[PDB]
Structure formats: C-alpha cells, structure tokens
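Asks: Starting off with a structure, shown below.
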Amino acid sequence: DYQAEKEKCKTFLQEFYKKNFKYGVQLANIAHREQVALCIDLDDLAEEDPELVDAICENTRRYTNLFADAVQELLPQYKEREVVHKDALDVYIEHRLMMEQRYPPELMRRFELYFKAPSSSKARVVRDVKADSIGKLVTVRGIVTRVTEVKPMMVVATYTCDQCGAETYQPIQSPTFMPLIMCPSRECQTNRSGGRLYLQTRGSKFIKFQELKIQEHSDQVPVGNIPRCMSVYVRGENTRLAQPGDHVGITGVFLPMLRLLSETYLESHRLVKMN
Amino acid sequence: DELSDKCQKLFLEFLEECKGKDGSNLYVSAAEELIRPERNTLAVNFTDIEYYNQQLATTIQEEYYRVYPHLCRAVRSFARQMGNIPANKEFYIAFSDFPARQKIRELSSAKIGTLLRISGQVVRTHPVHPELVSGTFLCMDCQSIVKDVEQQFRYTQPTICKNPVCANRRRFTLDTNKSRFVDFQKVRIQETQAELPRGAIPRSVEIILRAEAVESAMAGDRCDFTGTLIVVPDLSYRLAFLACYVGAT
Amino acid sequence: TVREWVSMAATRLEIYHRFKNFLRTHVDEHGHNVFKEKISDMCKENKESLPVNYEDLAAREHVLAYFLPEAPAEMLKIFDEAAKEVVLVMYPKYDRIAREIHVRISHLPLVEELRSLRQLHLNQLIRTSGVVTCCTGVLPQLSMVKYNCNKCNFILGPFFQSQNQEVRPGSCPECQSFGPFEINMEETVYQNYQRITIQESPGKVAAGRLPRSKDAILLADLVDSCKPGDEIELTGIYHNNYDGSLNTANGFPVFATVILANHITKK
Amino acid sequence: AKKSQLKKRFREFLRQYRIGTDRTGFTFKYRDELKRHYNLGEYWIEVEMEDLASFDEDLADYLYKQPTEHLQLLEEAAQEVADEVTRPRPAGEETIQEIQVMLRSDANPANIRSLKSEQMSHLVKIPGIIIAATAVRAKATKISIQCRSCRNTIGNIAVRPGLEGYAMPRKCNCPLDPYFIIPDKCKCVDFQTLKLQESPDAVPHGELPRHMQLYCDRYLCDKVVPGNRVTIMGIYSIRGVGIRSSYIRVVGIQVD
Amino acid sequence: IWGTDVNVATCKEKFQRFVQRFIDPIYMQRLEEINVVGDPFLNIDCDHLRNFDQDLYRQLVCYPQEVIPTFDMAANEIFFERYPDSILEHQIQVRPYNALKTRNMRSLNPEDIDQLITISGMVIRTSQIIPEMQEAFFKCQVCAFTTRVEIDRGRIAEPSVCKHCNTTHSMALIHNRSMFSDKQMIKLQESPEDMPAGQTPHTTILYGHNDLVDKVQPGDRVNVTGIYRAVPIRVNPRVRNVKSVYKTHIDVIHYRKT
Ligand SMILES: [Zn+2]
Ligand SMILES: [Zn+2]
Ligand SMILES: [Zn+2]
Ligand SMILES: [Zn+2]
Ligand SMILES: [Zn+2]
C-alpha cells in the first residue's frame, strides 16, 4: 500500500534524531523560500527501518514522488514569517485568483528532492552498469568530457483560451510533446466550438537543464578494450556543478530512453567532484 | 479596384495619344514591331509618362507591381487593335529612364512593391528555363476547367471547381496546352566597388529576368537594373529583385 | 438561357438578398407584415411548408417573378434557403421541430389543360387542374445516400438523388475502391413518396375527345393531401422521363412525362 | 472498443438491478427471472424500458435510437449472465443456449399514419389489429459453406436478423462463385410474417384503412392469430426509383 | 494586465513626472534637443528610473513588453505639450538603456525569461535583411473581397468563410501585398574577462529590428540591452511534436558601442 509508505515517510520526516529536526528546519526554510534542494540521506532510514531502504533502492521512481508529496504536505505547517519574494509565477497566480473570486501539486512546487547513496553501496564502473540495474539506484564514476549550456525545459504547460477564462494545464513528462491545439474547457464545449487557446509562457513552469557525458578511467579500462561513455541528465540545483576534464562520482538512476531495443541515460541525484 | 482600372485607362490613353515634337504616336510604331513574332515587350520612358500625366506617373510609382498586369492588358489591346496577332500572345512593359537611383543598403521591407533602380556587377548567370505564369487546373471529380490560375512563385492550386458542384481537395491536373510559359533567368549581382562602404562586404542580391530581357547582361558587366522589390517564399520569406529593364552605362 | 443566368454566383446572391428583403419587409393593405404572421402560424402548428402568393411577389419583384416560371428548380431552392434563414432568425429553436422549410407557390397566372401540354412546356412551372383517380401508398425514397468504402471503412459524403436517374458513387480520397461501395441504413436520409394519377374533369372534357391523364409525384409534406375522386388544382414542374418500354411498344422512340408536384389546392 | 464497455454496462444492469425498499426487503428482478426461465426451458426475458432508464439513462437513450447493435449487445449480456447464474449445469447441458430479450414500455402509442421517414431505424410503438398471418417457415442464423472444387470449408458464418441475407464470396481463397451451403450444417429458427391494420377509429373519414408488414422470430411466433387487437413495439426498417419496401421487426407484443 | 502589475495610466503619469522631476529635468532638455534633431527616440538610463521610483523600475524590468510603450506614449505627450508646432516623422521611441551589464552571458537562468537584461560581448557575424509579415492580406477567391488583417500574438487567423459571399475556403493570402518589416541576426561572443579559467567562449543570438538594423559591425566590442526570449522548437519540419527544451534568443532594445 503506497498510502502506508507515504505515512511512514511523513512519520520519519517530522521526527528525526540528531532530536534536532534537520528535516523540519529545512522544510521550514523551503516554506520561507530559503532552500530549494532537499537531499534525503538513506543511512537515517537504515537507522530507523532498512526494509524501506531496500524497497526505495529497488525502485527509485515512485518513492521519489512519495517523498515529494510528504514534504509538500508537511510544508504548510512551517510557514511562520509569510513570504518576502516577488515571483512572476506568484504574481500571475495572485491576479488569476483575484479574477476568479471576482492546480497540480507539481505546478505548486519549487522544492526538488534527491536521495543520497547509503554507505553500503559501492561505486561501479561504466562497463559494470548492466541491464539488471534498470530503474535501480547506482553510483558510477568517471571523467566528464563534455557539458552543454543550461537551457530551460518545460515541466508543466499553462494554456489560456480567449473564449473562456479557465486556464488549461498540460504536464510534460516526456522529452517531446505536442502542444494543445483546441481548448477543451467546458465553456468551449458548451459553445460547440473549441477556442484557439494559446500557451502563456509567463504562467508556465521552467527548470534548469544540463547534459553531460562521462567516460571511463584509462587505468581501470582493460588494455585491449576501448573506453566507453555514458549520458547523464542534470536538472535543478545540480546544474553548473561540473566542468569538462573533472573526475566525478555521480549517484543517480539508470533508465532507458524511449522515443524493443533502447538507449540508456543516467538521472543524476548527487554529484561529487572526487579529486 | 478602381485604381487599377483608372490606371489602365490612363495608360491606354497615353499609349494612343503620346506625341513628341513631330506630333506623332511613337507607341503605334512600337506596336508595329510587336505585330511580328519574337517581340513581346514594349518600351516607355518614365519621364515622358511624367510629361503626359505626372499624377499617373506617381500612381504608377506607388504600386508598380500591383498595376503592372493591367498595364500589360492595356498594351495587349493596343497592339491587337493596331495589327492582326494571335490572341494568346502576351505582352510586357519595360520602363526606362528612371532617375530615382537607389542604394543596395537602402533596400528594406517598406520599399516592397514600388518601382526602384539599382546598380551592380554581374557575378553569375543561369540557363534559360520555362516558367509557368498562369496554369490550367481541372477537377478530377467533375472535369471543370479552371484557367488562368496564377502561380505566386510556387505551385499554387485552388480547392474549388469552375462549376458550383465540387470542391476538390488536391486533385487538380495541369494542362500544358492551355498554359502560359515565359522565359525565366536567375542572375546574381554584387555591390560595386564605388558603392562599397568602409569595412563592409558587398551585399550580393539575385535578379529575376523575364521576357525578351533574358540573356541580356553577361558576367562582370556594370548594369543598372530597373524593377520592383518582392518577397519570395511559420512562414519563410526572402528578398529578391524582379528587373523589367536592364541597361548598361 | 435563364438557367445559366440564374446559375451565376452573383445573381444567386442578389436573388437571395431580394427574397430575404421581400420576406422581412412586405406590408399588407393595412401595413401589417404578412410573412411574420405566416411564419408564426407555421411554427405554432409544427409545419414545414410556407405558402407564397405569386401576385405580391410580382408586385414587389418583377424580375424574380419573371425568372421563376422559367427556372423553377434553382429559384425554389434559393427561396427555401432564404425562408429557412428567416425562420431561424425569428424562431431560433425551430431546428428541432424541422430541418428544411419548403415554399409553395400560389395563384400562378398561367393556367393550362392536360390536353394542351407539348414539349414547349418541358422544365417549366405549369398549373393544371383535374380529378384524381389513383393514389398509391406512402413509400420511403432515398434522399441523400451515404456510400461507404470497404477498402478504408470511411464513408463518402452525401449524394443527392433525383426522380429521373440512379445516383452513382463518387471517388474515395486515395483508395479507389469504386466497386465495393454499399449503403448504411442509420446515416442515410429518406423522404416520403406518393405517385398520384390525375385525369381531365368530367364536365370539361370534349364530347368528341376522351379523357386524358398524367402522372404526378408528391414528396415530403405533400403526401396524403389528396384522395381518389377529388378535384384539385396542381402546380408543379413538367418533367420528361425516358421509358424504353413505350419505345418498344409503339415501335418509335418515345418518352414518358411526369409532373413534380409543388402546390396542391383542393376546390 | 466501446462495444465491450456497452456490453459490460448491460451486464452490470442485469446483475445489479433491485426492486423494493429496506422497510420490506430487496429482490433482484432480472437475474432471478433469468435463472427461473432458463431452468424452466424458456430462453427469454421481458426487459422493461423505464427500469433501464432508471439504472442508466444513456443506455436507455441508445436503445430508443439505435436498437440493432444495442439490442444485440443486450442479448449477449443476457446470455453471459444466464450462463454465470446456472454455472454447474447437469451432465449433457454444458453448452449455453442463446437468450432472446423482449422490450416493453408505458409510453403513449403512436399511429401508423404518423410514421414519418425520419423515424427510420428507431424503436416505435404502434397499435393495430391483425388481419393476416403466414405459415411458420425457417430462417437461418449460422451457416457453413464449402467450395465445389477444392472442398475448402468456411464455417460459423453469422447471418443478420430480419429480412436480410448474406452475400456469398466470389474468390475461393475453383471457378467464380464455387461456394455452396452445406445443408445439415445450418442452425435455423422459427419465422413468421403478419399484416397489421390501422385501428378502426384512427382511420379518417372516407378512406380505407392502411396496412403494415410485420416480422416475428423465435418465441414471438404463433402468439397472435388473425382478429386480435395488439400493441406492437418494433424497429422500423427497410427490406419506382430508389423505392424500398419497409417492414417492422417486432421485438414485443401485448395482446389486448 | 492579466498576472501583471502594470498600470498604463499610473506608469504614464510616473514617466511624465520623472521626465519633469529629473533633477540630476535633464530629460526635458533632451526632448528640447530632439525637437531640433528630428529623430524620434530617447535614450534613458535605468538608474535614474530607480532613483525616481524603484517600484516603477521594478515594473519596467519585470514586464518590459508593455511598460516601454507606455513610456513612449508619455514621452510623446510631454514632447507635444512642450513643442506642439514640432513635426516628426513618427512617434518617439524611448530606449531604457542600462549603464552596466546585470549578468554575463552565463547565469541566464530560466527565471530571466521575458525580462530585461544587459550583457556584453563582441559582434562576430551579422545576417542580411529578413522580411517579416505584420499585416496579412487575405483576399477572397469566390467574390474577390479584400481584407487587411493584422498581427495578433504572431498567430494570424485565417477566416475560411468570406465576409461578402460567405463561402468557405475562399480567403487567400497574397503575401505580395501584405505589410512587412525588417529583421537581422547577429552572433555575439563572450569577452575574455567573463570567461573562466580554461573555458572556450560562448555565443548568443541577437535579433535587431527596424532602425537597429545595420548599427553594429563585426569586430566591435559592444554592450547589448534586450529581452530574454525562449521559443519552442519542433522535432521535424513535417511533424508538429515539440521538444521540451526551448532555445533562447535576445531581442535587442539598445546598442552601446562602448
Ligand atoms: Zn477555451
Ligand atoms: Zn469538380
Ligand atoms: Zn476508401
Ligand atoms: Zn476451391
Ligand atoms: Zn467572398
């Protein structure tokens, strides 16, 4: 039951021994817009319950969302000193609400949650990341050979139609998508003629994106064999954290690329510049 | 479009009434040659147009590209009345003696559709190819003939029939027997050394040549091209020059 | 030909506008708007037939009053479209109770007899009189058949059918399966059909001569408006239909004649 | 497909409809009736139309306007429900029989002279008096064909209900049209044709009464004899230029 | 407007007062010079707007799309009040230039989308004139009825049904008559000072329009003030699928040769 998992995650988050509430303080900072990246460490979960550690290590896709939702639920009860920001997204939302009186959780989200590899986990070479570790948590190491410039990536789209006033939503969970052509709002359906809605870039959500290629250390590579590469996707605060020619060790998720045989990429979670 | 009709009538009157010192119509003698084959373009001096009617000359300069077809239609009637010629024979107007010299840099989107005059050095030419001016499109569902379908620098076909029955989507066969073909050439010229500003490369442009004004200017010849500026096709667009007269000084 | 002139798009639009203006603005002797009341009575009783008097049409539009008796098909189609537009403007919700408003022409100045109809009257709006002798039952007839394509399962558009020939299918967009074409019974549109037979009046027939007879076709609202043994005044389009059986019988190529009824008045 | 969803909705209607209040008690009405009829040997049920509307208004509205496919789906759902209610059948009766569904409603009846051409392929309710009938002939439902030359067999072909045939294939897959129907490999049902006459009072003055051809099938045969007043519920359908004969596929009879 | 704190009247009055109350009314003196110069534009430094009203400066920076036209209206009105007799070819175009670059070519986070920024670099390559359609000419092909539709968010609507004969698929775009404007593409590199240790220079695409065309040349180290724009990109020309990552470009507002 995923609900029980979420309750267990919340119970861990609210009460953490150190009894310094590291998670509580950090969630309060996030509610105060003082912190964006929250890195959950798995050794603490091992201290409480190692079964959850094994379960989260087997599939680091659902439990990331579970942790994000738990943090989102815990956030409201820590907003003490209101806000001191001037977000354009918040201005757009405020004016839209004012007109409304006259929402996906990801849309109302600015915290990114990442996990840290437990001390038990050991680093692996690029050649050692086989097909039996798809969807699991891995820790590769190597030399970065190429880094791309940071570009915005659409996360959720926010369309507006001239005929109606209800803004349309379109989450983007794929590398490619097709923009909405006709407005599906019930106001337009009643009119029997869908409006030619347009995407409002001001009300949309964008995230920093970066792509880098990690190679293999020459000494570790066998003499006969040639070195192999790997593509790593970096999003969020982890961007601008690596430069070409740097020895790094990356903890992330091994996933295939879909667009029966497929390519693979690494979803980075924690980047460390080892030597 | 009463502007085009008035321009056509005034141009026809100018053709049949212009008289110099001799008090004789030069354009009638010009159409005498248009009677013969291998001749399809007439000549006219813009200064004499101003002399006859400066207002008409200004109106021509305003929308030269827009009113050029009507000028051609008027000269067609003039030539046909002067002498016996096939009706299908098309005619064109070449405008000469245009004092409003321009600059290659001066060209912009505002000047599109107005008669201009530019100078340059010919870089390269292209072989002569036929060009489809107006095509004949036939519906495949009712066999209705839709003639005089103009081509706007692209293969363009309508979606309606001549008769009010069909509305065909994309099935419109083209007949070359009822079509109109004109000579086409595509030359390239570059900015002359005198025009060359300091620290700037020559902005080479392309020139479209038609009618008897084909294979007229050889490579590396300083020539003055008189013609309009048009846009040749998110909507991709690029600039091009359509010269009606080519002269060498 | 008047047909060619009225087939012009600009002429069609002009006639449409003139008829709309006539329907909207036609005062009576006392200034009352007659067509407002007529449309109110038609929609009040859930009818789909609007009568138009030829006299006032001639009084307000002589050009159309001359065009109509020479091209009664397209002119009546334009009249139907204009009447539908006017009714929809007056009663926005009448698209539920009806789908097509018909125009019936009354008091046509020309009157003929069944014994004096020749090829001069072909494809013209004529007005005769007589006594009904036969009335078949109401049978369904194909109005707009929707042919399908077995090669793609896509169904072709509507194809109008006339009372003179058998409609044939068109062309599928890309998969040209002309042969495997059929008809579905749930998207096709039908219409009522009834073929009456009229004959000359008992009193008006010449003593030396014998009574004559002609066939008439009734569709849509016109059905069940006559009973055998009734004196009627029939207005319709005189129409020519080929009949090879008569050709073989007489030994000479001959064609049958029928009347497409438009307005029927019982005296 | 949407057909599966419609069939599932019909099955849910059959399995879940209940009548009564909690002050007395609840009894499933159509599942019990299906079980009782199947055990008695009568393979039919009488489904009302207000009940189906109360359960699901959309389902009732899709039966008043496209009766053919929706009635076929309803009959298949009835067969599946009847199979599941009496699942452990005695030896020799493992195979499940087909169920025929009859419809009934309390709407005001129409007239024969009020049947327009717009109401084609729609459920109609017309009264009248029966004046004729025919002998009970046979109508095929499942046929099997065989080639005359290469004796290839294509079995279990389904024939649409009503006065509608089956166009035999041309290519043998052996000259053109090499297929003949195997006589013994055919399943047939009863078949009758009646003639309904307009009621003696609805006839206008100075006019003879009109008629209409009816079609009866399976358990509806031999239910009405000439001279009976009936109220017929059926599907208006079609069997000169473009003229087609029109009959009424009867799906319910209420003898008065 | 929607989701925007701009107010045309309030901002216009604030701009007028700021021009009048610019004691450092120097901008009024600049308008006086323009009265004889005859070039309808006004170069304005941002810091003066900050000093007058940091709130108005914040509104200008956050939403430069609509604030700048309001400033244009206010400047034109005050210029007309001071010099009604003055004749100009067109309306005044205020360019809120910035003295120094807020950010380098790097650190251009997506938060800066649709906001005014200033950068510096060296011009490398300049493209030729690219005409752009502004007002579309749709002409009927059934009754030959002419229209003069204009631009609206860049998605020009094409009415299939004519306004005179009421026939579908009758309007046709005769682009040879539609209105056009000018564009230019400029590639700008990164200065060595902004370049970190052992890093190759980057490049940024700049789009110049109207008068700004042919104002910069290759080999010139200039500072650029413009708007940070992000546009979607389709996967294929025929296919309409759009990649998640959006390419970015700068619409220039002011050029400083420096
Ligand atoms: Zn909408
Ligand atoms: Zn056609
Ligand atoms: Zn097909
Ligand atoms: Zn065979
Ligand atoms: Zn039109």
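The listed protein sequences correspond, in order, to chains H, X, W, G and F.
My numbering applies: residue 22 is where the first sequence begins, and numbers increase by one.
My numbering applies: residue 77 is where the second sequence begins, and numbers increase by one.
My numbering applies: residue 273 is where the third sequence begins, and numbers increase by one.
My numbering applies: residue 716 is where the fourth sequence begins, and numbers increase by one.
My numbering applies: residue 9 is where the fifth sequence begins, and numbers increase by one.
Note that CB positions come from ideal geometry on N, CA and C, so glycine has one too.
Name, please, each residue of chain X whose Cβ falls closer than 9 Å to the Cβ of residue 281/W.
Replies: Your numbering for residue 281/W matches position 9 in the third sequence. Simply 240.
Asks: Under the assumption that residue 138/F contacts residue 226/F (Cβ atoms under 8 Å), give the Cβ distance between them as a whole number of angstroms.
Replies: Taking the fifth sequence and counting its residues from 1, the one referred to as residue 138/F is at position 130. Taking the fifth sequence and counting its residues from 1, the one referred to as residue 226/F is at position 218. Not a contact, Cβ separation roughly 18 Å.
Asks: Could you check where the beta strand (DSSP E) with residue 317/X kicks off and where it finishes?
Replies: Within the second sequence, numbered from 1, the residue matching residue 317/X stands at position 241. First-last of the beta strand (DSSP E) with residue 317/X: 314 to 324.
Asks: Just tell me which of 296/X, 269/X, 302/X and 276/X has its CA closest to the CA of residue 285/X.
Replies: Locating residue 285/X in the second sequence gives position 209, where the first residue counts as 1. The shortest Cα separation from residue 285/X among 296/X, 269/X, 302/X and 276/X belongs to 302/X.
Asks: Report the residue ranges of all alpha helix (DSSP H) runs contained in full by the stretch 154 to 215 of chain H; include only those spanning at least 4 residues, in chain order.
Replies: Taking only runs of at least 4 residues, the alpha helix (DSSP H) segments lying wholly in the stretch 154 to 215 of chain H are 207 to 211.
Asks: Look at the Cβ atom of residue 321/W, then the Cβ atom of residue 374/W, and state whether they are nearer than 7 Å.
Replies: Taking the first residue of the third sequence as position 1, residue 321/W is located at position 49. Taking the first residue of the third sequence as position 1, residue 374/W is located at position 102. The answer is yes: Cβ separation under 7 Å.
Asks: Should the stretch 332 to 342 of chain W be called in touch with the stretch 291 to 299 of chain W, which here means at least 3 C-beta pairs below 8 Å?
Replies: Enough Cβ pairs lie closer than 8 Å, so yes.
Asks: So residue 49/H packs on residue 101/H, CB below 8 Å; how close in whole Å?
Replies: To locate residue 49/H, count along the first sequence from 1; it is residue 28. To locate residue 101/H, count along the first sequence from 1; it is residue 80. About 7 Å separates the two Cβ atoms, so the contact holds.
Asks: Just mark residue 889/G as buried or exposed, buried being the case when its beta carbon has 16 or more other beta carbons within 10 Å.
Replies: Against the fourth sequence, residue 889/G aligns to sequence position 174. Burial call: exposed.
Asks: What residues in its chain sit with their C-beta under 7 Å from that of residue 177/X, if we drop five residues either side in the sequence?
Replies: On the second sequence, residue 177/X is found 101 positions in, with the first residue counted as 1. Cβ within range, chain order: 193.
Asks: For residue 864/G, is the beta carbon positioned less than 6 Å from some heavy atom of ligand 4?
Replies: Here residue 864/G is taken as the residue at index 149 of the fourth sequence, counted from 1. Checking the Cβ of residue 864/G against ligand 4 gives yes.
Asks: Using three-state DSSP, classify residue 221/H as helix, strand or coil.
Replies: Here the question's residue 221/H lines up with position 200 in the first sequence. Coil.
Asks: Give the interface partners of residue 957/G over in chain W, defined as CB-CB distance under 7 Å, in chain order.
Replies: Counting from 1 along the fourth sequence, the entry for residue 957/G is found at position 242. By Cβ distance, chain W contributes 413, 414 and 433.
Asks: Is residue 193/H close to chain F? Criterion is C-beta to C-beta, closer than 7 Å.
Replies: The count along the first sequence starts at 1 and reaches residue 193/H at position 172. Closer than 7 Å to some Cβ of chain F, the Cβ of residue 193/H qualifies, so yes.
Asks: Mind checking the stretch 236 to 259 of chain F against chain H and listing, in chain order, the residues whose C-beta falls within less than 8 Å of any C-beta there?
Replies: So the list reads 238, 240, 243, 248, 249, 250, 251, 252, 253, 254, 255 and 256, given in the order they occur along the chain.
Asks: Here's a check: name, in chain order, each residue in its chain whose Cβ is nearer than 6 Å to the Cβ of residue 959/G, leaving out the five neighbours to either side.
Replies: The residue given as residue 959/G occupies position 244 in the fourth sequence. The answer, listed in chain order, is 953.
Asks: Please report the straight-line C-alpha distance between residue 158/X and residue 104/X, rounded to a whole angstrom.
Replies: Here the question's residue 158/X lines up with position 82 in the second sequence. Here the question's residue 104/X lines up with position 28 in the second sequence. Answer to the nearest angstrom: the Cα atoms are 7 Å apart.
Asks: Specify the secondary structure class of residue 195/F as computed by DSSP and reduced to three states.
Replies: Locating residue 195/F in the fifth sequence gives position 187, where the first residue counts as 1. Note: residue 195/F maps to strand in three-state DSSP.
Asks: Should residue 41/H be labelled buried (16 or more other beta-carbon atoms within 10 Å of its own) or exposed?
Replies: Working through the first sequence from its first residue, we reach residue 41/H at position 20. Classification for residue 41/H: exposed.
Asks: Assess contact between the stretch 960 to 969 of chain G and the stretch 883 to 902 of chain G, defined as three or more Cβ pairs (one per stretch) separated by less than 8 Å. Is contact present?
Replies: Contact fails: fewer than three Cβ-Cβ distances are below 8 Å.
Asks: Less than 6 Å between the CB of residue 209/H and some heavy atom of ligand 3, yes or no?
Replies: Here the question's residue 209/H lines up with position 188 in the first sequence. No, since every heavy atom of ligand 3 falls outside the 6 Å radius drawn around the Cβ of residue 209/H.
Asks: Starting from the N-terminal end, write out each residue whose C-beta falls within a distance shorter than 6 Å of any non-hydrogen atom of ligand 5.
Replies: So the residues near ligand 5 by this Cβ test are 148/F, 150/F, 151/F, 153/F, 170/F, 172/F, 173/F, 175/F and 178/F.
Asks: Relative to the C-alpha of residue 187/F, which candidate in 241/X, 306/X and 228/X has its C-alpha closest?
Replies: By 1-based counting over the fifth sequence, the position of residue 187/F is 179. Comparing Cα-Cα distances from residue 187/F to each of 241/X, 306/X and 228/X, the minimum goes to 306/X.
Asks: Based on DSSP bridge pairs, tell me the residues matched to residue 29/F.
Replies: Counted from its first residue, the fifth sequence places residue 29/F at position 21. For residue 29/F, which the question treats as bridged, DSSP gives no partner whatsoever.
Asks: Just to confirm before moving on: does the CB-CB distance between residue 78/F and residue 19/F stay below 7 Å?
Replies: Your numbering for residue 78/F matches position 70 in the fifth sequence. Your numbering for residue 19/F matches position 11 in the fifth sequence. Yes.
Asks: Under a three-way DSSP split, which group does residue 114/F fall into?
Replies: Indexing the fifth sequence from 1 puts residue 114/F at position 106. If DSSP states are grouped into helix, strand and coil, residue 114/F belongs with coil.
Asks: Is residue 418/W close to ligand 3? I mean its beta-carbon at under 6 Å from any heavy atom of the ligand.
Replies: Within the third sequence, the letter at position 146 stands for residue 418/W. Checking the Cβ of residue 418/W against ligand 3 gives no.
Asks: Which residues mark the beginning and the end of the alpha helix (DSSP H) in which residue 250/W is found?
Replies: Lying before the first or after the last residue shown, residue 250/W is absent from chain W, which here runs from 273 to 539.
Asks: Cβ of residue 139/F less than 7 Å from any chain X Cβ?
Replies: Taking the first residue of the fifth sequence as 1, we reach residue 139/F at position 131. Judged by the 7 Å Cβ criterion, residue 139/F is in contact with chain X.
Asks: Quick one: grab the DSSP three-state call for residue 27/H.
Replies: The residue you call residue 27/H lines up with position 6 of the first sequence. DSSP places residue 27/H in helix when its eight states are reduced to three.
Asks: Given the structure, does residue 443/W come close to ligand 3, in the sense that its CB is under 6 Å from one of the ligand's heavy atoms?
Replies: Here residue 443/W is taken as the residue at index 171 of the third sequence, counted from 1. No; taking the cut-off as 6 Å, the Cβ of residue 443/W has no heavy atom of ligand 3 nearer than that.
Asks: Please report the straight-line C-alpha distance between residue 74/H and residue 126/F, rounded to a whole angstrom.
Replies: As a position in the first sequence, residue 74/H is number 53, starting the count at 1. As a position in the fifth sequence, residue 126/F is number 118, starting the count at 1. Whole-angstrom Cα-Cα distance: 48 Å.
Asks: Ordered along the chain, which non-local residues of its own chain (more than five positions away) have a Cβ less than 7 Å from that of residue 56/F?
Replies: Working through the fifth sequence from its first residue, we reach residue 56/F at position 48. Hits under 7 Å: 30 and 32.
Asks: Residues of chain F with a CB under 8 Å from the CB of residue 235/X: which are they?
Replies: Residue mapping note: residue 235/X aligns to position 159 of the second sequence, counting from 1. Those are 177, listed as they occur along chain F.
Asks: Ends of the beta strand (DSSP E) at residue 216/F?
Replies: Position 208 of the fifth sequence, counted from the start, is the residue given in the question as residue 216/F. Start and end: 211 to 217.
Asks: For residue 52/F, does the three-state DSSP call read helix, strand or coil?
Replies: Translated into the one-based positions of the fifth sequence, residue 52/F becomes position 44. DSSP places residue 52/F in strand when its eight states are reduced to three.
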